[PDB]
Each structure stands twice: as structure tokens, then as C-alpha cells.
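Report on the structure given below.
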Amino acid sequence: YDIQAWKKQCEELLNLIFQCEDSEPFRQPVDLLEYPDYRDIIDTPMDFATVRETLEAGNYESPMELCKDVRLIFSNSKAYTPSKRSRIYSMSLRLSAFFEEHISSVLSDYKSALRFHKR
Ligand SMILES: CCOC(=O)c1cn[nH]c1
């Protein structure tokens, strides 16, 4: 029933993601000195520190908006990878599976709480 509960649930999931070794390449914005052509390929950079900062600033209205930004971290890695066998892309796929497994109940509970609110 709690329409605000998603925020702490997302904070806790972000904490789990930061402890995951698979999140290392994605914890901060991609370094343009390490990947000089990055912005030629990727239009909208995104990383987990930016997601956490947006959440903590009260700049997400719903968990769907947070989920769109986290999914952008993964689609950027898939677009930038030179190979479907690359180390960083392989880390993104495992981290995406972990994220999707945990965000599903957050989205469901929020949408159900919102439907109850507008009943
Ligand atoms: C973090 C920026 O780099 C990537 O996303 C990447 C690099 N190789 N495969 C994917």
C-alpha cells in the first residue's frame, strides 16, 4: 500500500549493486581519457553514482524512472562493446540479471500501491 516505499528499496538495491564486483566499470561516469571515442557512440552516458545522486536529490518520481536510467547503463555497455564476449559487457549482463531479479517486486509493489491510491 505504501506509495513511497520504493525509494528506500531502491537505495538498498543500489547498495547491493555497489558491493557487487560486477558493478566496478559502471560506478562512475565512463572516463573519456580511457575511452576517447565514447561520446561518438553513446548519446546519453549513465552510471550508478549518477543514479544514486538523482535518487538522493529527490529527482526521481517513481521507480520506473530509476529503472529507465539503470537500463541505460546496460544498453550503453552493449552498444559500446567491441564484442559480445568482452569482460565489461559480460559483467553488465550479470549485473543486469541481478538488477532485473530484484527490481521486479519494487515495480510491482509501487504500481499496485498507486492503483490502490487511485481506486
Ligand atoms: C564502461 C565503458 O566500457 C564499456 O561499457 C565496455 C568496454 N568494453 N565492453 C563494454
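Ordering of the C-alpha cells sets the chain letters (A, B, ...), residue numbers begin anew at 1 in every chain, and ligands are numbered from 1 in the order given.
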Review point. Out of segment 1-116 of chain A, which residues get alpha helix (DSSP H) from DSSP, as number ranges by chain?
Key: A: 6-19, 38-41, 48-56, 63-80, 87-116
Review point. Which neighbours of residue 96 of chain A fall inside 8 Å, counting only C-alpha atoms, when residues of the same chain fewer than 4 positions from it are skipped, and could you give them as a PyMOL selection string?
Key: chain A and resi 71+74+92+100
Kindly export the residues of the current selection with N, CA and C atoms, as a compact mmCIF listing (two decimals), in the first residue's frame.
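Writing the result to result.txt gives the following:
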```txt
# COMPACT_ATOMS: atom_id res chain seq x y z
N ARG A 71 18.70 0.76 -16.81
CA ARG A 71 18.71 0.04 -18.08
C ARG A 71 19.57 0.73 -19.12
N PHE A 74 23.16 -0.42 -18.91
CA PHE A 74 23.37 -1.67 -19.60
C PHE A 74 23.30 -1.54 -21.11
N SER A 92 28.26 -6.50 -17.37
CA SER A 92 26.98 -5.82 -17.48
C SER A 92 25.82 -6.79 -17.59
N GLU A 100 17.43 -6.88 -12.60
CA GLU A 100 16.05 -7.20 -13.01
C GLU A 100 15.36 -8.11 -12.01
```
Practice item. Write as a VMD selection string the residues around ligand 1, taking 12 Å as the cut-off and counting only C-alpha atoms and all ligand atoms. Key: chain A and resid 22 to 39 41 to 42 45 to 48 72 to 93
Rows by chain and residue number, segment 50-105 of chain A within 10 Å of segment 4-8 of chain A, shortest pair, only C-alpha atoms, as JSON lines:
```
{"residue": "A:55", "atom": "CA", "partner": "A:7", "partner_atom": "CA", "distance": 7.5}
{"residue": "A:56", "atom": "CA", "partner": "A:7", "partner_atom": "CA", "distance": 8.9}
{"residue": "A:58", "atom": "CA", "partner": "A:7", "partner_atom": "CA", "distance": 9.2}
{"residue": "A:60", "atom": "CA", "partner": "A:7", "partner_atom": "CA", "distance": 8.8}
{"residue": "A:61", "atom": "CA", "partner": "A:7", "partner_atom": "CA", "distance": 9.2}
{"residue": "A:62", "atom": "CA", "partner": "A:6", "partner_atom": "CA", "distance": 7.6}
{"residue": "A:63", "atom": "CA", "partner": "A:6", "partner_atom": "CA", "distance": 6.3}
{"residue": "A:64", "atom": "CA", "partner": "A:6", "partner_atom": "CA", "distance": 9.9}
{"residue": "A:66", "atom": "CA", "partner": "A:7", "partner_atom": "CA", "distance": 9.6}
{"residue": "A:103", "atom": "CA", "partner": "A:6", "partner_atom": "CA", "distance": 9.5}
{"residue": "A:105", "atom": "CA", "partner": "A:6", "partner_atom": "CA", "distance": 9.5}
```
With C-alpha atoms retained, export the selected residues as a compact mmCIF listing (two decimals), in the first residue's frame.
```txt
# COMPACT_ATOMS: atom_id res chain seq x y z
CA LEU A 55 17.53 9.39 -6.17
CA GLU A 56 19.07 11.08 -3.10
CA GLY A 58 14.62 13.63 -4.75
CA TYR A 60 13.05 10.51 -9.30
CA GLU A 61 9.27 10.48 -9.01
CA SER A 62 8.85 6.72 -9.44
CA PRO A 63 10.95 3.53 -9.55
CA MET A 64 10.14 3.27 -13.29
CA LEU A 66 15.17 4.90 -11.88
CA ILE A 103 13.65 -4.54 -9.19
CA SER A 105 8.97 -6.62 -6.81
```
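Our summary of the geometry notes that atom CA of residue 15 of chain A is positioned 26.8 Å from atom CA of residue 43 of chain A.
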For residue 3 of chain A, find every residue with an atom within 9 Å (counting only C-alpha atoms), except residues of its own chain fewer than 6 positions away, and show them as a compact mmCIF listing (two decimals) with N, CA, C and O atoms, in the first residue's frame.
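To be explicit, this is the file written out as part.txt:
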```txt
# COMPACT_ATOMS: atom_id res chain seq x y z
N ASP A 109 5.14 -3.61 -6.52
CA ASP A 109 4.55 -3.07 -5.30
C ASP A 109 4.19 -1.61 -5.49
O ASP A 109 3.14 -1.19 -5.03
N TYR A 110 5.03 -0.83 -6.18
CA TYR A 110 4.71 0.57 -6.41
C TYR A 110 3.47 0.71 -7.28
O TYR A 110 2.57 1.50 -6.96
N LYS A 111 3.40 -0.03 -8.40
CA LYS A 111 2.26 0.08 -9.30
C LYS A 111 0.97 -0.34 -8.63
O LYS A 111 -0.05 0.30 -8.81
N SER A 112 1.03 -1.39 -7.80
CA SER A 112 -0.13 -1.84 -7.03
C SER A 112 -0.57 -0.79 -6.00
O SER A 112 -1.76 -0.51 -5.84
N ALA A 113 0.41 -0.19 -5.30
CA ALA A 113 0.11 0.84 -4.30
C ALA A 113 -0.52 2.04 -4.97
O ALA A 113 -1.45 2.63 -4.41
N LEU A 114 -0.02 2.43 -6.16
CA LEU A 114 -0.55 3.57 -6.87
C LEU A 114 -1.96 3.27 -7.35
O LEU A 114 -2.83 4.12 -7.23
N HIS A 117 -4.20 3.66 -4.44
CA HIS A 117 -4.37 5.07 -4.13
C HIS A 117 -5.42 5.74 -5.01
O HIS A 117 -6.19 6.59 -4.53
```
Study note, to complete from the structure: Nearest to residue 67 of chain A, restricted to only C-alpha atoms and choosing among A:94, A:21, A:53, A:107, comes out as A:107
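Taking atom CA of residue 49 of chain A and atom CA of residue 102 of chain A as endpoints, the distance between them is 18.5 Å.
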Check your understanding: With only C-alpha atoms as the basis for distance, which of A:1, A:14, A:51, A:57 is at the shortest distance from residue 98 of chain A?
Key ->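 Once distances to residue 98 of chain A are computed over only C-alpha atoms, the minimum belongs to A:14.
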Review point. So which one's closest to residue 10 of chain A, A:54, A:101, A:40, A:106? Using only C-alpha atoms, please.
Key: A:106
